[PDB]
Structure formats: C-alpha cells, structure tokens
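Undergrad:
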Amino acid sequence: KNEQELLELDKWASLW
Amino acid sequence: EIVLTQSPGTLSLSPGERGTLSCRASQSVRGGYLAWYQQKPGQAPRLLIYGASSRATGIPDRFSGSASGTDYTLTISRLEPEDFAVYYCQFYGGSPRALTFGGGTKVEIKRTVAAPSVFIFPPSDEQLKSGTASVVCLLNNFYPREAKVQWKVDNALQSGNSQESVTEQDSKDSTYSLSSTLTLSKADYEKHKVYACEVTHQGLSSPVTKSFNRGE
Amino acid sequence: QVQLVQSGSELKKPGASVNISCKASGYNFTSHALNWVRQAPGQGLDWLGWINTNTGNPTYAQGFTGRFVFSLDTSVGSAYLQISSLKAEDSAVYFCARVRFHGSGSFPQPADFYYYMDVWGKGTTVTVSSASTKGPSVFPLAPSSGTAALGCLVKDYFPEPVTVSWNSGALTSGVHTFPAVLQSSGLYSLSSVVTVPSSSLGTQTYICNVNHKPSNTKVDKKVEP
Ligand SMILES: *[C@@H]1O[C@H](CO)[C@@H](O[C@@H]2O[C@H](CO)[C@@H](O[C@@H]3O[C@H](CO)[C@@H](O)[C@H](O)[C@@H]3O)[C@H](O)[C@H]2NC(C)=O)[C@H](O)[C@H]1NC(C)=O
Ligand SMILES: *[C@@H]1O[C@H](CO)[C@@H](O)[C@H](O)[C@H]1NC(C)=O
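For the protein sequence lines, the chains are A, B and C, in the order given.
Under our numbering, residues 988 to 1003 are what the first sequence spells out, in order.
Under our numbering, residues 3 to 218 are what the second sequence spells out, in order.
Under our numbering, residues 4 to 228 are what the third sequence spells out, in order.
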C-alpha cells in the first residue's frame, strides 16, 4: 500500500 | 491540542560539554510520533532523531534520543561548535491529528562573564539635515545576553522610542553585542542637551553611563 | 540526492496572492506526502498541513483552512502552496518537507510507526508589506574622544537584505553588523560597528561598504571623527 494511504488511515483512526 | 514545553528556551553549555534537551508534553510522549529537528541560522530544519531514539541517516553518533512518560529527551554526548543551534521537538498525534512542534530550545555557548564596552553615538549631521535624529548606544562583546539599557534625555527616562538589536554569538569569542537606537525628530533632538544610556550587566561592578552633550 | 527545490523569495502587498512551488528530485513525488511549515521572523515552526501526493487531497491545520490552498502537478513532480488575501502576519519563510510514514504492523500507530520529515526545501521567504523597494541612507557613527568604536547606520531600506563590509573586507576583526529591525515606517534599519585602536583613527581610513541588491544601491561611506 502507498504509505500515504497508511497516513490517511492513521488520520481517520485518531478521530476515535 | 497537545502542547510540547521545551525548557529552558536558552540552554547555556560550553563546547565539549554533554547536553540534554527536554521536551515535556501535556500528555504521554509515546502516544505520538516523535522527532527531533535542528535548525541553524538561515537554514531549513534538519532531522536528527525520529521516534524515541532512532537516529536519522547521516546524523552524527553523538546525537541520541530517549522518551519515557511525558519527557522526550535529545542528548548530545559532546557539543561540537556546529551543534549550537535551535532544537525543535515534534509530536504528530492527537484526535484531530496535528503536527505540534515545541517552542524551540537554543543551545548557546556558555563562556565566562564579560562586561560590555559601552559607546554612545550622537546623530550625524547628514541625518540631522534629513529631519530625523538617531542616537545609538553600543554594548560591545558581553556575556551573558541579559543587559538592561536605559535611555535618558535630560534625565527623563525614555520609553517606546528605542529599539534593541543583538548579534548572534561571535564566532571567535562567543560574546554578544547589542545596539540600542533611540529615534527622535530633529526638532525633539534640539530641545534637549544631554543624551545618555545607562547599562546594567552582571559583568559590571556598577552600572555604566555613557552620555554626550549635543554640540558639546 | 533526494531534494526539494522551492521557488524564490516573494514581495507582496497586503491583499495580494502568492503561489510558491516545491519540485521533488531523486524520488517518486507520489510515494511520499509533503508537509508545509511556516516560520515567522524570530519565531518557531508552524505546521500549515500536508498534501497527499497520491490523491491530491489536502489537510489544513486548524488555523490555515481559509486563505491557504495546497495543489499538485504530478507531471512536473511539484506541489504548490497558494496564500490569498495576504496579511503582514503571513510574512514568513515557507518550507516544503517530505513526510516519511513507515513502521511495522497491519495498522499504523505511534508504538510501531514513525512520522518524520527527512528532506526539507531551503525555504521560500514571503514578505507581505505595503512599503515599496527603497534604498538605504548610510549615516556615519563617528568615533568619540585605548580602543575607539565607530560604525555606519544603514537606515530606511526595503526590502531586506543589506550587506555591509569594512575596508571592503580587509576589516573583519571587531566588526558587528546588527540584525535588521523593522521600523514603524515599514522600512528597515541596521547599524554596523567596528572597534579599532584609538591611535589609528587619524592614521588609518575606515569606510563602510553597504550593498542593497534589491535597489542596486551600493554605497561606500568613510567614518571619521
Ligand atoms: C499555483 O500555480 C501553479 C502553476 O504555476 C498552478 O498549477 C497549474 O494549474 C494546474 C495544476 O494542476 C495545471 O492545470 C492542469 O491540470 C489538469 C488536471 O486535470 C491537467 O490535465 C492539465 O494538463 C493541466 O496540468 C496547470 O498546468 C498548472 N500550471 C502550470 C504548471 O504552469 C497551481 O494550481 C497554483 N496553485 C494554487 C494553489 O492555485
Ligand atoms: C511512481 O510509482 C508509481 C507506482 O509504482 C508509478 O506508477 C510511477 O510511474 C512512479 N513514478 C516515477 C516517476 O517513477
């Protein structure tokens, strides 16, 4: 996976 | 948002000493993505450490990091001349994810106390012909950086009409120099006779006052 | 050899717009996010946000979601930061920085992943001032009456920077050129001072060489009591 998709996953996860 | 407190803002160490910089977070430090950055005058920041202790490629082995609880620490086992710079900690984290930087810590060269040489310069005639009068007080080659410079015009203490400028630490002797420039209109300058700056500094046994009479 | 090349310094009036570029070299522009970091004069670092170089999607920090826009042009492998309705407060160095986000595990988290900016552009200065390019007025700071101090007041010039030398560089020891200060006029003023043996004030000459490229103003003023 593009590491920026991972950065986008971390961003949404933090909203928890 | 998380707040990263870097204290002190100015860390005074001698070259060759072991230096430790602290980044204290308002929550647990390992709950974010950490890094240390170095910035030298006129340059971009430069990555040193990422995470708690991973040294970035090309970074000297004297740099190391540690993190426990709320404390993130950069250690410089032996300060080299190029290590006197500003250091920023980073915390990428928080619920609205945010990249938070500390306020920065300047590592400055500690040297022995040096009292300033004080000089006062009246406005030149060239500038007086232009309608404005700049009076300059020079504090030359002192350490530490804190100095009290007070202007007096006919013994009236001046406020709001002077600007101070300090150099960076001199490359040879690590001292500071400071200019205090009192700006007046040519008209105002002519109403008074005695212009004086008084300097207070740790290296002086008592405050120093340099003055001149306009016109002598 | 990984490098980010930023566009040149910019002088803009209040209310104008600016568009600064950052072109990647030595790596795949779309493989790494780019952060935009601002540093106001004499201040620390401020994260403006990031741009996903794979999707073009921008994330703006809390305070920069209005007049700041991040854009892409994967064809020229370059990213852009446009500021609208500029304010004097926007005066700052703007930096482009390659983000590195990697670690171990199915999901990224601080215990297993690393976030850091490894490659930074040199920075793009953006000066927002309603003032116009003016040249410097160089006034002498005459020595008074074993060491004598003399100098030159480089006053009312715009925009930074001014260069100052003594004896065209022969006089380097004892020289102190103070950082420039911004006056209420929106013009800059700095003093350059040197300490010489008081005994050489009559024998030796001392001239300050001011150079303000932004106005092509070059000045040599002799300082004498
Ligand atoms: C800042 O200015 C730059 C250019 O100096 C702006 O980029 C310009 O606008 C877009 C960038 O994507 C380019 O247009 C076109 O995009 C479509 C996408 O479908 C593409 O198919 C076209 O071939 C074309 O590239 C345009 O070429 C580009 N101009 C250039 C490179 O000279 C940028 O948008 C500005 N920044 C902001 C925040 O507005
Ligand atoms: C970057 O990598 C992507 C995905 O592998 C690829 O499509 C693209 O051609 C690469 N870009 C360059 C300039 O090599």
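Every residue gets a Cβ at the ideal spot worked out from N, C-alpha and C, and that includes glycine.
Starting from the beta carbon of residue 1002 of chain A, find every residue of chain B whose beta carbon is closer than 7 angstroms, and list them in chain order.
TA: Simply 97.
Undergrad: How about residue 222 of chain C and residue 145 of chain C: do their beta carbons lie closer than 8 angstroms?
TA: No, the pair does not count as a contact, with Cβ atoms beyond the cut-off.
Undergrad: Just mark residue 69 of chain B as buried or exposed, buried being the case when its beta carbon has 16 or more other beta carbons within 10 Å.
TA: Burial call: buried.
Undergrad: Return the first residue and the last residue of the alpha helix (DSSP H) that residue 191 of chain B is part of.
TA: Residue 191 of chain B -> alpha helix (DSSP H) spans 188-193.
Undergrad: Counting only Cβ pairs nearer than 8 angstroms, list the residues of chain C close to residue 142 of chain B.
TA: Within chain C, the residues near residue 142 of chain B are 152, 179, 196, 198.
Undergrad: Determine whether the Cβ of residue 82 of chain B lies closer than 8 angstroms to any Cβ atom of chain C.
TA: Answer no: the Cβ-Cβ gap between residue 82 of chain B and chain C never drops below 8 angstroms.
Undergrad: Please name the residue in B:157, B:59, B:148 whose C-alpha comes closest to that of residue 195 of chain B.
TA: Answer by Cα proximity: B:157.
Undergrad: For residue 159 of chain C, which of helix, strand or coil comes out of DSSP?
TA: It is a strand residue.
Undergrad: Compare the C-alpha of residue 57 of chain B against each of B:36, B:7, B:147, B:73 and name the closest.
TA: When each option's Cα is compared against that of residue 57 of chain B, the closest is B:36.
Undergrad: What is the DSSP secondary structure of residue 172 of chain B, reduced to helix, strand or coil?
TA: Three-state result, residue 172 of chain B: coil.
Undergrad: DSSP state of residue 78 of chain C, grouped into three classes?
TA: Residue 78 of chain C: helix per DSSP, three-state reduction.
Undergrad: Once the 5 residues before and after residue 33 of chain B are set aside, which same chain residues still bring their CB inside 8 angstroms of it?
TA: Excluding positions up to five away in sequence, the list reads 95.
Undergrad: Comparing C-alpha positions only, which one of C:73, C:63, C:24, C:81 sits nearest to residue 32 of chain C?
TA: For the residues C:73, C:63, C:24, C:81, the minimum Cα distance to residue 32 of chain C belongs to C:81.
Undergrad: Do the stretch 177-194 of chain C and the stretch 164-175 of chain B meet, that is, are 3 or more Cβ pairs less than 8 angstroms apart?
TA: Touching, per the Cβ criterion.
Undergrad: Buried or exposed, going by whether 16 or more other CB atoms sit within 10 Å of the CB of residue 65 of chain C?
TA: By the neighbour-count rule (16 or more Cβ atoms within 10 Å), residue 65 of chain C is not buried but exposed.
Undergrad: Using a threshold of 7 angstroms, is the CB atom of residue 31 of chain C nearer than that to any non-hydrogen atom of ligand 2?
TA: True, at least one ligand heavy atom lies under 7 angstroms from that Cβ.
Undergrad: Where DSSP assigns a beta bridge to residue 101 of chain B, which residues make up the other side?
TA: Its beta-bridge partners are B:94.
Undergrad: If you compare alpha carbons, which of C:57, C:36, C:21, C:29 is closest to residue 132 of chain C?
TA: It is C:21.
Undergrad: Please name the residue in B:18, B:26, B:210 whose C-alpha comes closest to that of residue 117 of chain B.
TA: The option with the nearest alpha carbon to residue 117 of chain B is B:210.
Undergrad: Does any heavy atom of ligand 2 sit closer than 7 angstroms to the C-beta of residue 74 of chain C?
TA: Residue 74 of chain C Cβ: outside cutoff for every heavy atom of ligand 2.
Undergrad: Is the stretch 95-102 of chain C close to the stretch 116-131 of chain C, with three or more CB pairs under 8 angstroms?
TA: Flag = yes, the stretch 95-102 of chain C and the stretch 116-131 of chain C touch.
Undergrad: Within a Cβ cutoff of 6 angstroms, which residues of the same chain sit near residue 7 of chain B, ignoring the five residues on either side of it in sequence?
TA: Counting only Cβ-Cβ distances below 6 angstroms, and skipping sequence neighbours, we find 26.
Undergrad: Got a sec: is the Cβ-Cβ distance from residue 988 of chain A to anything in chain B below 8 angstroms?
TA: Chain B contact via Cβ: absent.
Undergrad: Closer than 7 angstroms: is that where the CB of residue 28 of chain C sits relative to any heavy atom of ligand 2?
TA: No, since every heavy atom of ligand 2 falls outside the 7 angstroms radius drawn around the Cβ of residue 28 of chain C.
Undergrad: Whole-angstrom Cβ separation of residue 180 of chain C and residue 142 of chain B, contact assumed at under 8 angstroms?
TA: Not confirmed; about 13 angstroms, so no contact.
Undergrad: Alpha carbons only, please: which of B:126, B:99, B:41 is nearest the one belonging to residue 86 of chain B?
TA: Among B:126, B:99, B:41, the Cα nearest to that of residue 86 of chain B belongs to B:41.
Undergrad: Which same chain residues, not among the five before or five after residue 169 of chain B, have their C-beta less than 7 angstroms away from its C-beta?
TA: Around residue 169 of chain B: 178, 179.
Undergrad: Where does residue 165 of chain B fall in DSSP's three states?
TA: The answer is strand: DSSP assigns residue 165 of chain B an E or B state.
Undergrad: Using 8 angstroms as the limit for Cβ to Cβ distance, is residue 121 of chain C near chain B?
TA: Yes, because at least one Cβ of chain B sits closer than 8 angstroms to the Cβ of residue 121 of chain C.
Undergrad: Nearest CA to the CA of residue 198 of chain B: which residue from B:132, B:183, B:83, B:72?
TA: Checking every option, the nearest Cα to that of residue 198 of chain B belongs to B:183.
Undergrad: Determine whether the Cβ of residue 121 of chain B lies closer than 8 angstroms to any Cβ atom of chain C.
TA: Judged by the 8 angstroms Cβ criterion, residue 121 of chain B is in contact with chain C.
Undergrad: Does residue 36 of chain C have its Cβ less than 8 angstroms from a Cβ in chain A?
TA: So, interface residue.
Undergrad: From residue 191 of chain C to residue 156 of chain C, what distance separates their C-alpha atoms?
TA: Going from the Cα of residue 191 of chain C to the Cα of residue 156 of chain C covers about 11 angstroms.
Undergrad: Any Cβ of chain C within less than 8 angstroms of the Cβ of residue 32 of chain B?
TA: Cβ-Cβ to chain C under 8 angstroms: yes for residue 32 of chain B.
Undergrad: From which residue to which residue does the beta strand (DSSP E) around residue 69 of chain B run?
TA: Unbroken beta strand (DSSP E) run through residue 69 of chain B: 65-70.
Undergrad: Please list, in chain order, the chain B residues whose beta carbon lies closer than 8 angstroms to that of residue 1 of chain C.
TA: The shown model of chain C, from 4 to 228, leaves out residue 1 of chain C, and the question about it has no answer.
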